[PDB]
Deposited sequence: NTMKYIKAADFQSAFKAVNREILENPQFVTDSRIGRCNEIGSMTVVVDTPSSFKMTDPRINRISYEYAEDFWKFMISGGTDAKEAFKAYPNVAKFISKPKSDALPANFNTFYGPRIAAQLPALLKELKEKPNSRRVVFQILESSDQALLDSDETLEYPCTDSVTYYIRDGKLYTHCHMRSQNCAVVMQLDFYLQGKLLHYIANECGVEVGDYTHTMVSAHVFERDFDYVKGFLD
(Lines of atoms letter the chains of each structure in order from A and count residues from 1; the text may use other names and numbers.)
(Lines give C-alpha, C1' and ligand atoms only; values in the text may rest on other atoms or scores of the structure.)
Protein backbone atom coordinates (compact mmCIF):
# COMPACT_ATOMS: atom_id res chain seq x y z
CA UNK A 1 0.00 0.00 0.00
CA UNK A 2 1.05 3.62 -0.60
CA UNK A 3 3.06 4.96 2.36
CA UNK A 4 2.52 8.69 2.67
CA UNK A 5 4.37 9.44 5.89
CA UNK A 6 8.12 8.96 5.95
CA UNK A 7 10.39 9.57 8.92
CA UNK A 8 14.15 9.50 8.27
CA UNK A 9 17.31 10.37 10.16
CA UNK A 10 18.77 12.56 7.43
CA UNK A 11 17.87 14.17 4.12
CA UNK A 12 19.43 11.46 1.97
CA UNK A 13 17.56 8.59 3.58
CA UNK A 14 14.35 10.58 3.30
CA UNK A 15 15.20 11.41 -0.31
CA UNK A 16 15.73 7.77 -1.27
CA UNK A 17 12.71 6.50 0.64
CA UNK A 18 10.43 9.04 -1.04
CA UNK A 19 11.72 8.19 -4.51
CA UNK A 20 11.52 4.47 -3.83
CA UNK A 21 7.88 4.75 -2.74
CA UNK A 22 6.79 6.87 -5.73
CA UNK A 23 8.39 4.40 -8.13
CA UNK A 24 6.98 1.29 -6.49
CA UNK A 25 3.65 2.32 -4.90
CA UNK A 26 2.34 5.41 -6.70
CA UNK A 27 -1.12 6.78 -5.86
CA UNK A 28 -1.55 8.03 -9.44
CA UNK A 29 0.09 7.43 -12.80
CA UNK A 30 -0.78 10.59 -14.65
CA UNK A 31 -0.22 12.92 -17.62
CA UNK A 32 0.97 16.23 -16.22
CA UNK A 33 1.68 19.70 -17.63
CA UNK A 34 5.23 18.55 -18.47
CA UNK A 35 4.87 14.83 -19.13
CA UNK A 36 3.94 11.48 -17.57
CA UNK A 37 4.77 10.79 -13.93
CA UNK A 38 4.17 8.57 -10.93
CA UNK A 39 2.61 10.63 -8.14
CA UNK A 40 1.65 10.40 -4.47
CA UNK A 41 -0.64 13.08 -3.08
CA UNK A 42 -0.03 14.79 0.24
CA UNK A 43 3.23 13.14 1.20
CA UNK A 44 4.64 14.05 4.62
CA UNK A 45 8.40 13.69 5.18
CA UNK A 46 10.24 14.28 8.47
CA UNK A 47 14.03 14.73 8.71
CA UNK A 48 15.47 14.21 12.22
CA UNK A 49 18.86 15.81 11.51
CA UNK A 50 18.52 18.75 9.13
CA UNK A 51 22.24 19.64 9.15
CA UNK A 52 22.47 16.73 6.68
CA UNK A 53 21.16 18.75 3.71
CA UNK A 54 24.18 18.00 1.52
CA UNK A 55 23.83 14.38 0.58
CA UNK A 56 26.83 12.18 0.19
CA UNK A 57 25.95 9.54 -2.42
CA UNK A 58 27.70 10.80 -5.60
CA UNK A 59 25.21 8.95 -7.80
CA UNK A 60 22.61 11.54 -6.87
CA UNK A 61 24.25 13.97 -9.21
CA UNK A 62 21.64 15.78 -11.29
CA UNK A 63 21.91 18.76 -8.97
CA UNK A 64 25.61 19.41 -8.42
CA UNK A 65 26.46 21.01 -5.10
CA UNK A 66 28.57 23.60 -6.91
CA UNK A 67 25.30 24.66 -8.57
CA UNK A 68 23.28 24.30 -5.37
CA UNK A 69 25.69 26.52 -3.44
CA UNK A 70 25.60 29.12 -6.24
CA UNK A 71 21.81 28.93 -6.07
CA UNK A 72 21.90 29.42 -2.30
CA UNK A 73 24.08 32.53 -2.56
CA UNK A 74 21.78 33.86 -5.29
CA UNK A 75 18.62 33.41 -3.26
CA UNK A 76 19.86 34.48 0.21
CA UNK A 77 21.37 37.61 -1.41
CA UNK A 78 17.90 38.40 -2.72
CA UNK A 79 19.25 39.13 -6.20
CA UNK A 80 17.36 39.28 -9.52
CA UNK A 81 20.20 38.84 -12.01
CA UNK A 82 20.06 35.10 -12.55
CA UNK A 83 21.54 35.40 -16.03
CA UNK A 84 24.83 36.51 -14.46
CA UNK A 85 24.57 34.34 -11.33
CA UNK A 86 24.39 31.15 -13.39
CA UNK A 87 26.45 32.05 -16.49
CA UNK A 88 28.54 28.91 -15.82
CA UNK A 89 25.42 26.76 -16.28
CA UNK A 90 23.58 26.64 -19.67
CA UNK A 91 7.71 40.70 -12.15
CA UNK A 92 9.66 37.64 -11.21
CA UNK A 93 9.10 34.50 -9.27
CA UNK A 94 12.55 34.29 -7.66
CA UNK A 95 12.31 33.10 -4.02
CA UNK A 96 15.19 35.31 -2.91
CA UNK A 97 13.55 38.73 -3.12
CA UNK A 98 10.42 37.38 -1.40
CA UNK A 99 12.42 35.94 1.49
CA UNK A 100 14.32 39.25 1.71
CA UNK A 101 11.11 41.34 1.96
CA UNK A 102 9.64 39.25 4.74
CA UNK A 103 12.85 38.69 6.75
CA UNK A 104 12.67 41.79 8.95
CA UNK A 105 9.08 41.30 10.13
CA UNK A 106 9.30 37.51 10.48
CA UNK A 107 12.64 37.65 12.34
CA UNK A 108 11.15 40.24 14.68
CA UNK A 109 8.16 38.02 15.48
CA UNK A 110 10.40 34.97 15.83
CA UNK A 111 12.84 36.63 18.26
CA UNK A 112 10.41 38.88 20.19
CA UNK A 113 7.10 37.00 20.52
CA UNK A 114 7.73 33.92 22.70
CA UNK A 115 6.42 30.60 21.30
CA UNK A 116 4.84 32.36 18.31
CA UNK A 117 2.82 30.35 15.80
CA UNK A 118 2.87 33.18 13.25
CA UNK A 119 6.23 32.95 11.48
CA UNK A 120 5.43 31.93 7.93
CA UNK A 121 7.38 32.85 4.81
CA UNK A 122 5.04 33.00 1.81
CA UNK A 123 6.70 31.91 -1.39
CA UNK A 124 3.74 31.18 -3.68
CA UNK A 125 1.28 34.16 -3.47
CA UNK A 126 -2.06 34.82 -5.29
CA UNK A 127 -0.48 37.42 -7.63
CA UNK A 128 1.37 34.52 -9.24
CA UNK A 129 -1.94 33.30 -10.63
CA UNK A 130 -1.41 35.72 -13.51
CA UNK A 131 0.95 33.05 -14.85
CA UNK A 132 -1.70 30.37 -15.13
CA UNK A 133 -3.35 31.47 -18.32
CA UNK A 134 -0.09 32.81 -19.78
CA UNK A 135 2.60 31.70 -22.11
CA UNK A 136 5.39 32.83 -19.87
CA UNK A 137 7.96 30.24 -18.75
CA UNK A 138 8.57 31.79 -15.35
CA UNK A 139 8.22 29.39 -12.50
CA UNK A 140 4.86 29.28 -10.86
CA UNK A 141 6.34 28.75 -7.37
CA UNK A 142 6.53 25.08 -6.38
CA UNK A 143 7.14 26.09 -2.75
CA UNK A 144 3.99 27.37 -1.02
CA UNK A 145 5.37 28.46 2.35
CA UNK A 146 7.99 27.77 5.02
CA UNK A 147 6.96 27.98 8.68
CA UNK A 148 9.43 28.43 11.55
CA UNK A 149 8.80 28.18 15.27
CA UNK A 150 10.95 27.99 18.38
CA UNK A 151 10.09 25.88 21.42
CA UNK A 152 12.46 25.26 24.37
CA UNK A 153 15.53 26.64 22.63
CA UNK A 154 15.07 24.74 19.33
CA UNK A 155 14.05 25.85 15.83
CA UNK A 156 11.50 23.67 14.07
CA UNK A 157 10.80 24.01 10.35
CA UNK A 158 7.79 23.09 8.18
CA UNK A 159 8.20 23.51 4.42
CA UNK A 160 4.93 23.13 2.46
CA UNK A 161 5.46 22.23 -1.22
CA UNK A 162 2.66 22.70 -3.74
CA UNK A 163 4.57 20.60 -6.25
CA UNK A 164 7.77 18.56 -5.89
CA UNK A 165 9.85 16.73 -8.51
CA UNK A 166 11.28 14.24 -6.04
CA UNK A 167 14.04 12.74 -8.23
CA UNK A 168 15.78 15.91 -9.35
CA UNK A 169 14.70 19.30 -8.02
CA UNK A 170 14.06 17.96 -4.50
CA UNK A 171 17.85 17.63 -4.21
CA UNK A 172 18.03 21.41 -4.66
CA UNK A 173 14.99 22.19 -2.47
CA UNK A 174 16.46 20.15 0.41
CA UNK A 175 19.79 21.99 0.11
CA UNK A 176 18.16 25.41 -0.02
CA UNK A 177 15.74 24.64 2.82
CA UNK A 178 18.57 23.21 4.93
CA UNK A 179 20.75 26.28 4.43
CA UNK A 180 17.83 28.62 5.18
CA UNK A 181 16.71 27.01 8.42
CA UNK A 182 20.34 27.17 9.62
CA UNK A 183 20.54 30.85 8.61
CA UNK A 184 17.38 31.51 10.59
CA UNK A 185 18.57 29.46 13.58
CA UNK A 186 21.94 31.25 13.72
CA UNK A 187 20.22 34.67 13.51
CA UNK A 188 18.09 33.72 16.53
CA UNK A 189 20.90 32.12 18.54
CA UNK A 190 19.13 28.81 18.84
CA UNK A 191 19.73 25.20 18.00
CA UNK A 192 18.01 23.13 15.35
CA UNK A 193 15.19 20.70 16.03
CA UNK A 194 13.74 18.85 13.12
CA UNK A 195 12.46 19.48 9.57
CA UNK A 196 9.13 18.58 8.02
CA UNK A 197 8.44 18.59 4.30
CA UNK A 198 4.87 18.27 3.02
CA UNK A 199 4.10 17.99 -0.69
CA UNK A 200 0.60 18.05 -2.15
CA UNK A 201 2.05 16.53 -5.33
CA UNK A 202 5.09 14.32 -4.82
CA UNK A 203 6.10 13.01 -8.20
CA UNK A 204 8.76 11.34 -10.33
CA UNK A 205 8.56 11.67 -14.12
CA UNK A 206 8.80 8.39 -16.06
CA UNK A 207 11.71 9.87 -18.05
CA UNK A 208 13.71 9.85 -14.79
CA UNK A 209 12.92 6.30 -13.58
CA UNK A 210 16.29 4.95 -14.76
CA UNK A 211 18.18 7.75 -12.99
CA UNK A 212 16.33 6.95 -9.74
CA UNK A 213 16.96 3.22 -10.07
CA UNK A 214 20.61 4.22 -10.42
CA UNK A 215 20.93 5.52 -6.86
CA UNK A 216 18.63 3.02 -5.10
CA UNK A 217 20.77 0.17 -3.71
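Map the modelled residues onto the deposited sequence and report the uncovered stretches in sequence order. According to the record, the single gap falls at 91 to 107.
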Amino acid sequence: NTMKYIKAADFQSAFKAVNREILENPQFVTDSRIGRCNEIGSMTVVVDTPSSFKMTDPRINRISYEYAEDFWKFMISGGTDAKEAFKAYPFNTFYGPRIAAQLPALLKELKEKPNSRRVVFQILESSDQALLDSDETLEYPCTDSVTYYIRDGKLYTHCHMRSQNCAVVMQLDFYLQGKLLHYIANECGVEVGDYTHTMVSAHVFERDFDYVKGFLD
From here on, numbers count along this sequence of modelled residues.
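When the C-alpha temperature factors are averaged for each of 191 to 199 and 20 to 28, which stretch ends up with the higher value in the entry? Taking the mean B-factor of the alpha carbons in each, 20 to 28 is higher.
So 29 to 37 or 180 to 188, which one's hotter by mean CA B-factor in the entry? Comparing 29 to 37 with 180 to 188, the higher average CA B-factor belongs to 29 to 37.
Maximum C-alpha temperature factor, selected from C142, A100, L110, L131: Among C142, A100, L110, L131, the PDB entry lists the largest C-alpha B-factor for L131.
Record-listed C-alpha B factor of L138: chain third: Highest third of the chain for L138's C-alpha B-factor.
Can you work out whether the C-alpha temperature factor of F91 puts it in the lowest, middle or highest third of the chain? Top third by C-alpha B-factor.
Split the chain's modelled residues into thirds by Cα B-factor; is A105 in the lowest, middle or highest one? CA B-factor rank for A105: middle third.
Using the B-factors in the PDB entry, rank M55's C-alpha atom against the chain and give the third, lowest, middle or highest. It falls in the top third of the chain.
Looking at the C-alpha B-factor of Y65, is it in the lowest, middle or highest third of its chain? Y65: CA B-factor falls in the highest third of its chain.
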